[PDB]
>>> print(open('model15.txt').read())   # compact mmCIF, C-alpha atoms
# COMPACT_ATOMS: atom_id res chain seq x y z
CA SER S 2 -36.85 -44.38 73.63
CA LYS S 3 -39.06 -43.09 76.49
CA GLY S 4 -39.88 -40.16 74.19
CA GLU S 5 -41.33 -42.47 71.53
CA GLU S 6 -44.16 -43.36 73.88
CA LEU S 7 -45.42 -39.75 73.78
CA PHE S 8 -46.32 -40.25 70.12
CA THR S 9 -48.42 -43.45 70.08
CA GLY S 10 -51.65 -41.46 69.78
CA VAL S 11 -52.87 -38.21 68.20
CA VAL S 12 -50.95 -35.20 69.58
CA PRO S 13 -52.08 -31.56 69.21
CA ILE S 14 -49.58 -29.24 67.54
CA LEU S 15 -48.98 -25.49 67.69
CA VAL S 16 -46.63 -23.60 65.34
CA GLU S 17 -45.59 -19.96 65.92
CA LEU S 18 -43.25 -18.16 63.52
CA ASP S 19 -41.88 -14.61 63.40
CA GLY S 20 -40.15 -13.66 60.19
CA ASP S 21 -38.24 -10.83 58.54
CA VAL S 22 -37.54 -11.30 54.80
CA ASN S 23 -35.79 -8.31 53.18
CA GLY S 24 -37.32 -6.10 55.92
CA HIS S 25 -40.84 -7.49 55.46
CA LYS S 26 -41.88 -8.41 59.01
CA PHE S 27 -44.59 -11.02 59.51
CA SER S 28 -45.97 -13.65 61.88
CA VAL S 29 -47.75 -16.96 61.39
CA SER S 30 -49.74 -19.09 63.83
CA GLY S 31 -50.63 -22.70 63.09
CA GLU S 32 -52.76 -25.35 64.77
CA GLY S 33 -53.47 -29.02 64.10
CA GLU S 34 -52.45 -32.51 65.08
CA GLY S 35 -49.99 -35.26 64.38
CA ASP S 36 -50.39 -39.05 64.33
CA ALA S 37 -46.84 -40.49 64.07
CA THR S 38 -48.28 -44.04 63.90
CA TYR S 39 -49.27 -43.09 60.32
CA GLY S 40 -46.59 -40.47 59.68
CA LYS S 41 -49.44 -37.98 59.49
CA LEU S 42 -49.69 -34.20 59.92
CA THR S 43 -52.76 -31.99 59.51
CA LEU S 44 -52.42 -28.23 60.20
CA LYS S 45 -53.87 -24.87 59.31
CA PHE S 46 -51.63 -21.76 59.31
CA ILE S 47 -52.77 -18.13 59.41
CA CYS S 48 -50.68 -15.02 58.69
CA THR S 49 -51.63 -12.83 61.64
CA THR S 50 -49.93 -9.67 60.29
CA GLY S 51 -51.94 -9.42 57.06
CA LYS S 52 -50.68 -10.70 53.72
CA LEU S 53 -47.81 -13.14 53.87
CA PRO S 54 -44.87 -11.45 52.01
CA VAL S 55 -43.42 -14.73 50.70
CA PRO S 56 -45.18 -17.71 49.09
CA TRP S 57 -46.72 -20.18 51.56
CA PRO S 58 -44.90 -23.17 50.03
CA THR S 59 -41.54 -21.65 50.90
CA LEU S 60 -42.37 -22.00 54.64
CA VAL S 61 -43.60 -25.63 54.70
CA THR S 62 -40.28 -27.20 55.73
CA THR S 63 -39.87 -24.58 58.47
CA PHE S 64 -43.37 -25.16 59.91
CA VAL S 68 -41.90 -31.32 63.48
CA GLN S 69 -40.15 -34.44 62.23
CA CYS S 70 -40.98 -36.24 65.48
CA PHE S 71 -44.28 -37.02 63.65
CA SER S 72 -42.52 -39.07 60.96
CA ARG S 73 -43.36 -42.76 60.95
CA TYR S 74 -40.29 -44.74 61.94
CA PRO S 75 -40.85 -48.43 61.14
CA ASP S 76 -40.50 -50.61 64.21
CA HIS S 77 -37.19 -52.02 62.94
CA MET S 78 -35.85 -48.43 62.68
CA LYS S 79 -36.95 -47.34 66.24
CA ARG S 80 -33.31 -46.99 67.34
CA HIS S 81 -32.71 -44.34 64.65
CA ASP S 82 -35.47 -41.89 65.70
CA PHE S 83 -33.59 -38.91 67.15
CA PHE S 84 -36.60 -36.64 66.99
CA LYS S 85 -38.87 -38.52 69.40
CA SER S 86 -35.92 -39.50 71.62
CA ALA S 87 -35.33 -35.82 72.51
CA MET S 88 -38.88 -35.43 73.86
CA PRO S 89 -40.40 -34.02 75.95
CA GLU S 90 -37.58 -31.50 76.55
CA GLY S 91 -37.18 -31.10 72.81
CA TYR S 92 -34.63 -30.01 70.27
CA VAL S 93 -33.24 -26.95 68.55
CA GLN S 94 -33.59 -27.07 64.75
CA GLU S 95 -31.50 -24.70 62.59
CA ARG S 96 -31.48 -24.38 58.83
CA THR S 97 -30.06 -22.45 55.94
CA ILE S 98 -32.45 -22.59 52.97
CA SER S 99 -30.72 -21.34 49.80
CA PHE S 100 -33.07 -20.36 46.97
CA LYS S 101 -30.96 -20.94 43.84
CA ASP S 102 -29.99 -17.61 42.19
CA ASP S 103 -32.18 -15.71 44.86
CA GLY S 104 -32.01 -15.12 48.61
CA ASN S 105 -31.73 -17.36 51.66
CA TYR S 106 -33.65 -18.12 54.83
CA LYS S 107 -31.91 -18.84 58.13
CA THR S 108 -34.19 -20.39 60.65
CA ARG S 109 -33.82 -21.26 64.32
CA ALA S 110 -36.62 -23.20 65.99
CA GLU S 111 -37.29 -25.01 69.24
CA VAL S 112 -39.59 -28.08 69.14
CA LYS S 113 -40.80 -29.34 72.54
CA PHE S 114 -43.86 -30.20 74.57
CA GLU S 115 -45.88 -27.52 76.43
CA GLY S 116 -48.08 -29.79 78.54
CA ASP S 117 -49.42 -32.42 76.15
CA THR S 118 -49.08 -30.14 73.09
CA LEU S 119 -46.12 -30.35 70.69
CA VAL S 120 -44.91 -26.81 69.91
CA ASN S 121 -42.64 -25.49 67.16
CA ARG S 122 -41.45 -21.89 67.85
CA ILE S 123 -39.48 -20.38 64.93
CA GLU S 124 -37.48 -17.26 64.15
CA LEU S 125 -36.87 -16.80 60.39
CA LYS S 126 -34.57 -14.28 58.73
CA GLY S 127 -34.44 -13.89 54.92
CA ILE S 128 -31.88 -11.78 53.08
CA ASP S 129 -30.48 -11.37 49.52
CA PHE S 130 -34.01 -11.73 47.87
CA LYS S 131 -34.70 -10.23 44.45
CA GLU S 132 -37.54 -7.75 44.66
CA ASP S 133 -39.31 -9.37 41.78
CA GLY S 134 -37.78 -12.88 41.90
CA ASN S 135 -39.89 -15.94 42.43
CA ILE S 136 -40.19 -15.42 46.21
CA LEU S 137 -40.89 -11.70 46.70
CA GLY S 138 -42.64 -11.62 43.30
CA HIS S 139 -45.02 -14.46 44.34
CA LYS S 140 -44.33 -16.57 41.24
CA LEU S 141 -44.52 -20.00 42.94
CA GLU S 142 -47.44 -22.35 42.39
CA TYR S 143 -49.59 -23.28 45.40
CA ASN S 144 -48.59 -26.94 45.54
CA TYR S 145 -45.81 -29.14 46.91
CA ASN S 146 -43.56 -31.94 45.75
CA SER S 147 -42.37 -35.16 47.42
CA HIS S 148 -38.79 -35.26 48.74
CA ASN S 149 -36.19 -37.30 50.59
CA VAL S 150 -34.57 -35.76 53.70
CA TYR S 151 -31.08 -37.31 54.22
CA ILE S 152 -30.12 -37.59 57.92
CA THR S 153 -26.76 -38.23 59.51
CA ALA S 154 -25.52 -38.24 63.10
CA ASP S 155 -23.83 -35.16 64.48
CA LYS S 156 -22.13 -36.70 67.49
CA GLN S 157 -20.29 -33.67 68.91
CA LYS S 158 -23.63 -31.83 69.09
CA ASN S 159 -25.36 -34.95 70.52
CA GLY S 160 -27.74 -34.61 67.55
CA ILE S 161 -28.17 -34.84 63.80
CA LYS S 162 -27.72 -33.06 60.48
CA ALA S 163 -29.85 -33.23 57.36
CA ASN S 164 -29.50 -32.16 53.78
CA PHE S 165 -31.98 -32.15 50.97
CA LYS S 166 -33.29 -30.37 47.85
CA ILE S 167 -36.78 -28.90 47.84
CA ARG S 168 -38.30 -28.15 44.44
CA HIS S 169 -40.91 -25.39 44.21
CA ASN S 170 -42.88 -25.30 40.96
CA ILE S 171 -42.88 -21.87 39.29
CA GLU S 172 -46.04 -20.60 37.56
CA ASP S 173 -44.26 -20.63 34.15
CA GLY S 174 -43.69 -24.36 34.48
CA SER S 175 -40.09 -24.08 35.68
CA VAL S 176 -38.73 -24.98 39.15
CA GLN S 177 -37.21 -22.94 41.96
CA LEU S 178 -34.66 -25.04 43.89
CA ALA S 179 -34.36 -24.50 47.64
CA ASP S 180 -31.27 -26.27 48.99
CA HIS S 181 -31.69 -27.20 52.68
CA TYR S 182 -28.98 -27.73 55.29
CA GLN S 183 -30.19 -28.60 58.78
CA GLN S 184 -28.74 -29.11 62.27
CA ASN S 185 -30.66 -30.44 65.31
CA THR S 186 -29.44 -30.36 68.94
CA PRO S 187 -31.31 -31.76 71.96
CA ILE S 188 -32.35 -29.37 74.71
CA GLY S 189 -32.66 -31.81 77.62
CA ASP S 190 -30.43 -34.20 79.54
CA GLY S 191 -32.10 -37.56 78.69
CA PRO S 192 -30.33 -39.94 76.35
CA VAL S 193 -31.05 -39.31 72.66
CA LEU S 194 -30.61 -41.59 69.75
CA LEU S 195 -27.74 -41.02 67.32
CA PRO S 196 -28.94 -42.62 64.08
CA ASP S 197 -27.36 -44.53 61.25
CA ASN S 198 -27.72 -42.79 57.91
CA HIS S 199 -31.29 -42.89 56.62
CA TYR S 200 -33.87 -40.63 55.03
CA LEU S 201 -37.42 -39.37 55.47
CA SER S 202 -39.72 -39.84 52.46
CA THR S 203 -42.21 -36.89 52.32
CA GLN S 204 -45.38 -35.90 50.55
CA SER S 205 -47.49 -32.79 51.18
CA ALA S 206 -50.79 -31.45 49.88
CA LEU S 207 -51.68 -27.76 50.19
CA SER S 208 -55.25 -26.45 50.20
CA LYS S 209 -57.46 -23.55 51.22
CA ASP S 210 -60.27 -23.37 53.70
CA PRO S 211 -63.20 -22.03 51.59
CA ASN S 212 -64.59 -20.02 54.49
CA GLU S 213 -61.27 -18.46 55.55
CA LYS S 214 -60.58 -14.93 54.31
CA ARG S 215 -57.35 -14.40 56.17
CA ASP S 216 -54.16 -15.35 54.28
CA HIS S 217 -53.66 -19.00 55.23
CA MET S 218 -52.52 -22.48 54.27
CA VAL S 219 -54.05 -25.92 55.02
CA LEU S 220 -51.43 -28.71 54.95
CA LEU S 221 -51.83 -32.52 54.92
CA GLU S 222 -48.47 -34.34 55.02
CA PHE S 223 -47.24 -37.91 55.30
CA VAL S 224 -43.65 -38.84 56.14
CA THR S 225 -42.02 -42.28 56.48
CA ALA S 226 -38.46 -43.07 57.52
CA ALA S 227 -36.64 -45.39 55.13
CA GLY S 228 -33.26 -46.47 53.86
CA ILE S 229 -32.47 -49.11 56.49
CA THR S 230 -33.53 -52.76 56.06
CA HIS S 231 -33.00 -54.41 59.51
>>> encode(input="model15.txt", output="structure tokens")
Amino acid sequence: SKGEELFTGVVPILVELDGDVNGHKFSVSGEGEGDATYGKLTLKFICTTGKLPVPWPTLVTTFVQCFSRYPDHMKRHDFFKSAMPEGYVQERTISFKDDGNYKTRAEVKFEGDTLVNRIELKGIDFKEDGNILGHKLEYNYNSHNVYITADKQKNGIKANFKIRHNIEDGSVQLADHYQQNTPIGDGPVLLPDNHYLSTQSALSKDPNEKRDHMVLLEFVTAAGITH
């Protein structure tokens, strides 16, 4: 794709989110960089409204799959880069098992040479002292597979997957994800064969940062196709 060429080096990233979860209104700003050659993401997020009213891990998937490493032999399946620079809309429903749900709508596109992810998040149906609003989730993150399929009538893709959030009692909080992506621009985009993205993420804290924040290091590789 022409789009793919925009990602052969290190690209700066900005993330901006506004959220409302059970009437708790908040905003997050993130900065960092992506190196799709290595499937690599490094960012730091800050809650600019004070304390984040949900656990940081619950927002990781919402906070740029154009930075996934597509093996050369899978180039023709990379929708995400193909939509650039004009970008794509990304919508999800995230269903926290036996708790509430997030619905997210984001636009991912270049502003100059910077890759931007602007998100609106709405959460409803949460239990006041469930694992989310009760802040019972561990500050860590598991490794997943994101299953992608073409969505031809939308000129885009769908994804489904199961995120597992460890609970502080040793249990697990499932977050079912359903995702739809639609290109914004008029250039050709790639409609992929079925495949998946293999993810891993590490969460940390900046020892000098007293605002509520998250440091994220993530690696993602496309897989599931042999030739």
>>> residues_around(input="model15.txt", residues="residue 58 in chain S", least_positions_apart="4", cutoff="8 Å", atoms="all atoms listed in the file", output="list in words")
residues 141, 143, 144, 145 and 169 of chain S
>>> residues_around(input="model15.txt", residues="residue 225 in chain S", least_positions_apart="4", cutoff="7 Å", atoms="only C-alpha atoms", output="list in words")
residues 40, 72, 73, 74, 201, 202 and 203 of chain S
>>> write_last_selection(input="model15.txt", atoms="C-alpha atoms", output="PDB file, in the frame of the given file")
ATOM      1  CA  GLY S  40     -46.590 -40.470  59.680  1.00  0.00           C
ATOM      2  CA  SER S  72     -42.520 -39.070  60.960  1.00  0.00           C
ATOM      3  CA  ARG S  73     -43.360 -42.760  60.950  1.00  0.00           C
ATOM      4  CA  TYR S  74     -40.290 -44.740  61.940  1.00  0.00           C
ATOM      5  CA  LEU S 201     -37.420 -39.370  55.470  1.00  0.00           C
ATOM      6  CA  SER S 202     -39.720 -39.840  52.460  1.00  0.00           C
ATOM      7  CA  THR S 203     -42.210 -36.890  52.320  1.00  0.00           C
TER       8      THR S 203
END
>>> closest_residue(input="model15.txt", among="S:135, S:198, S:185, S:108", to="residue 173 in chain S", atoms="all atoms listed in the file")
S:135
>>> residues_around(input="model15.txt", residues="range 10-22 of chain S", least_positions_apart="5", cutoff="8 Å", atoms="all atoms listed in the file", output="ChimeraX atom specification")
/S:27-38,44,54-55,64,106,117-128,130
>>> atom_distance(input="model15.txt", atom1="CA of residue 79 in chain S", atom2="CA of residue 7 in chain S")
13.6 Å
>>> atom_distance(input="model15.txt", atom1="CA of residue 113 in chain S", atom2="CA of residue 93 in chain S")
8.9 Å
>>> atom_distance(input="model15.txt", atom1="CA of residue 99 in chain S", atom2="CA of residue 179 in chain S")
5.3 Å
>>> closest_residue(input="model15.txt", among="S:131, S:43, S:90, S:112", to="residue 69 in chain S", atoms="only C-alpha atoms")
S:112
>>> closest_residue(input="model15.txt", among="S:6, S:45, S:167, S:184", to="residue 209 in chain S", atoms="only C-alpha atoms")
S:45
>>> residues_around(input="model15.txt", residues="residue 152 in chain S", least_positions_apart="5", cutoff="12 Å", atoms="all atoms listed in the file", output="VMD selection string")
chain S and resid 69 81 to 84 160 to 165 181 to 185 195 to 202 226 to 229
>>> closest_residue(input="model15.txt", among="S:62, S:153, S:23, S:230", to="residue 110 in chain S", atoms="only C-alpha atoms")
S:62
>>> build_atoms(input="model15.txt", residues="range 173-190 of chain S", atoms="N, CA, C and O atoms", output="PDB file, in the frame of the given file")
ATOM      1  N   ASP S 173     -44.582 -20.470  35.570  1.00  0.00           N
ATOM      2  CA  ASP S 173     -44.260 -20.630  34.150  1.00  0.00           C
ATOM      3  C   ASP S 173     -43.902 -22.034  33.789  1.00  0.00           C
ATOM      4  O   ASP S 173     -43.528 -22.323  32.632  1.00  0.00           O
ATOM      5  N   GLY S 174     -44.033 -22.994  34.711  1.00  0.00           N
ATOM      6  CA  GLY S 174     -43.690 -24.360  34.480  1.00  0.00           C
ATOM      7  C   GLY S 174     -42.300 -24.764  34.895  1.00  0.00           C
ATOM      8  O   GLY S 174     -41.981 -25.972  34.896  1.00  0.00           O
ATOM      9  N   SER S 175     -41.435 -23.807  35.254  1.00  0.00           N
ATOM     10  CA  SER S 175     -40.090 -24.080  35.680  1.00  0.00           C
ATOM     11  C   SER S 175     -40.065 -24.499  37.170  1.00  0.00           C
ATOM     12  O   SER S 175     -41.126 -24.780  37.770  1.00  0.00           O
ATOM     13  N   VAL S 176     -38.874 -24.530  37.757  1.00  0.00           N
ATOM     14  CA  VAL S 176     -38.730 -24.980  39.150  1.00  0.00           C
ATOM     15  C   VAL S 176     -37.701 -24.070  39.794  1.00  0.00           C
ATOM     16  O   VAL S 176     -36.639 -23.732  39.238  1.00  0.00           O
ATOM     17  N   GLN S 177     -38.029 -23.712  41.049  1.00  0.00           N
ATOM     18  CA  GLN S 177     -37.210 -22.940  41.960  1.00  0.00           C
ATOM     19  C   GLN S 177     -36.642 -23.920  42.995  1.00  0.00           C
ATOM     20  O   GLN S 177     -37.386 -24.417  43.867  1.00  0.00           O
ATOM     21  N   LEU S 178     -35.348 -24.180  42.920  1.00  0.00           N
ATOM     22  CA  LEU S 178     -34.660 -25.040  43.890  1.00  0.00           C
ATOM     23  C   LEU S 178     -34.458 -24.282  45.191  1.00  0.00           C
ATOM     24  O   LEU S 178     -34.061 -23.104  45.184  1.00  0.00           O
ATOM     25  N   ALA S 179     -34.670 -24.991  46.294  1.00  0.00           N
ATOM     26  CA  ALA S 179     -34.360 -24.500  47.640  1.00  0.00           C
ATOM     27  C   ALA S 179     -33.488 -25.563  48.319  1.00  0.00           C
ATOM     28  O   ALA S 179     -34.007 -26.580  48.852  1.00  0.00           O
ATOM     29  N   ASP S 180     -32.185 -25.365  48.296  1.00  0.00           N
ATOM     30  CA  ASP S 180     -31.270 -26.270  48.990  1.00  0.00           C
ATOM     31  C   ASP S 180     -31.441 -26.110  50.501  1.00  0.00           C
ATOM     32  O   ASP S 180     -31.490 -24.964  50.985  1.00  0.00           O
ATOM     33  N   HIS S 181     -31.546 -27.206  51.233  1.00  0.00           N
ATOM     34  CA  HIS S 181     -31.690 -27.200  52.680  1.00  0.00           C
ATOM     35  C   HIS S 181     -30.492 -27.856  53.355  1.00  0.00           C
ATOM     36  O   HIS S 181     -30.124 -28.990  53.043  1.00  0.00           O
ATOM     37  N   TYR S 182     -29.960 -27.149  54.370  1.00  0.00           N
ATOM     38  CA  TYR S 182     -28.980 -27.730  55.290  1.00  0.00           C
ATOM     39  C   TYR S 182     -29.513 -27.495  56.703  1.00  0.00           C
ATOM     40  O   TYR S 182     -29.935 -26.343  56.972  1.00  0.00           O
ATOM     41  N   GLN S 183     -29.485 -28.535  57.501  1.00  0.00           N
ATOM     42  CA  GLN S 183     -30.190 -28.600  58.780  1.00  0.00           C
ATOM     43  C   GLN S 183     -29.304 -29.183  59.862  1.00  0.00           C
ATOM     44  O   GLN S 183     -28.584 -30.160  59.616  1.00  0.00           O
ATOM     45  N   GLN S 184     -29.425 -28.657  61.074  1.00  0.00           N
ATOM     46  CA  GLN S 184     -28.740 -29.110  62.270  1.00  0.00           C
ATOM     47  C   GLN S 184     -29.737 -29.191  63.420  1.00  0.00           C
ATOM     48  O   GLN S 184     -30.402 -28.183  63.657  1.00  0.00           O
ATOM     49  N   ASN S 185     -29.783 -30.301  64.157  1.00  0.00           N
ATOM     50  CA  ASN S 185     -30.660 -30.440  65.310  1.00  0.00           C
ATOM     51  C   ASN S 185     -29.833 -30.832  66.535  1.00  0.00           C
ATOM     52  O   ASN S 185     -28.953 -31.693  66.445  1.00  0.00           O
ATOM     53  N   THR S 186     -30.185 -30.214  67.667  1.00  0.00           N
ATOM     54  CA  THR S 186     -29.440 -30.360  68.940  1.00  0.00           C
ATOM     55  C   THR S 186     -30.444 -30.513  70.059  1.00  0.00           C
ATOM     56  O   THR S 186     -31.342 -29.686  70.216  1.00  0.00           O
ATOM     57  N   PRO S 187     -30.324 -31.563  70.894  1.00  0.00           N
ATOM     58  CA  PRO S 187     -31.310 -31.760  71.960  1.00  0.00           C
ATOM     59  C   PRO S 187     -31.177 -30.688  73.019  1.00  0.00           C
ATOM     60  O   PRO S 187     -30.066 -30.232  73.303  1.00  0.00           O
ATOM     61  N   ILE S 188     -32.302 -30.374  73.634  1.00  0.00           N
ATOM     62  CA  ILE S 188     -32.350 -29.370  74.710  1.00  0.00           C
ATOM     63  C   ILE S 188     -32.134 -30.003  76.079  1.00  0.00           C
ATOM     64  O   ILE S 188     -31.466 -29.389  76.954  1.00  0.00           O
ATOM     65  N   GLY S 189     -32.673 -31.180  76.308  1.00  0.00           N
ATOM     66  CA  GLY S 189     -32.660 -31.810  77.620  1.00  0.00           C
ATOM     67  C   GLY S 189     -31.477 -32.733  77.841  1.00  0.00           C
ATOM     68  O   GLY S 189     -30.558 -32.823  77.002  1.00  0.00           O
ATOM     69  N   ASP S 190     -31.505 -33.399  78.995  1.00  0.00           N
ATOM     70  CA  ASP S 190     -30.430 -34.200  79.540  1.00  0.00           C
ATOM     71  C   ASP S 190     -30.758 -35.695  79.485  1.00  0.00           C
ATOM     72  O   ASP S 190     -29.965 -36.512  79.986  1.00  0.00           O
TER      73      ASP S 190
END
